[PDB]
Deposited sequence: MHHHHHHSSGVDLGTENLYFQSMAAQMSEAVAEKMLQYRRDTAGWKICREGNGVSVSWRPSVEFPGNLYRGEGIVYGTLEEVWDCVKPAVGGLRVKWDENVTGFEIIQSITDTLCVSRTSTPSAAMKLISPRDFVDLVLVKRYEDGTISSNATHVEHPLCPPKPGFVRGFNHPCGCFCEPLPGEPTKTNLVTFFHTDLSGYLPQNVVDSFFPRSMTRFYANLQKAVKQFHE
C-alpha cells in the first residue's frame, strides 16, 4: 500500500517539477501588479493547465504556512470553504477534501475535490505541494456539491538569494459537472490573480 500510495504521488511531483521547468506551450493570459498567469493545454484531460508566478513579500515558512495542506487556507482563499484531512498516510503524504464555493455569478455551483497531496522538499530550500485527484471510500459525492477532479497541481515555495519568496502555482482543475467552456475559460485566469492577491494580504497580517 505504502509503496504505491507513495508511488503515484511521486509521479505527481515529478510532473509538477516538469511543469515548473518547461518554458514551452505556455501562452500568456494576463499580468499586472505582482502576478503573471499563463496557460496551456493539459495532457491529463480536455481542458487546460494554469501557471501563476509572483514574488510574495514574506519569509519562506510564512508563505508555506498559508498554502500548506489543516492550518490556514480556509481563511484567506476566497475559493475554499472546507478543508478536511481524511486519511493521513505518511508524515508528508495525505488525502484531503476541499470545498469551493459558488463562482462566476452562481454559474459555477459549489464543487469539492478529493486529492492525494504530497509535500516534497527540494535541495535549494524549495518546499512544494503536489496534489492529484483520488477516489476514497470515506469521501464519496456529497449532496449539493459537484465532484471535481484536480490533475497534478499545487505550489512551489522557492527561497530567494533575500528576505522574500518566489511562489509558482499550478491550477489543473476539472470543474467537471456540466459547464460550457467560455465560463470555465474566464474563471481560472481571474481565479489565479485573486489567489495571489489574497495570499499577499494573509502574509502581511504576520508583519502587522
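Student: Tell me, which runs of residues in the deposited sequence have no coordinates at all?
Tutor: Unmodelled stretches: 1-19, 89-90, 183-184.
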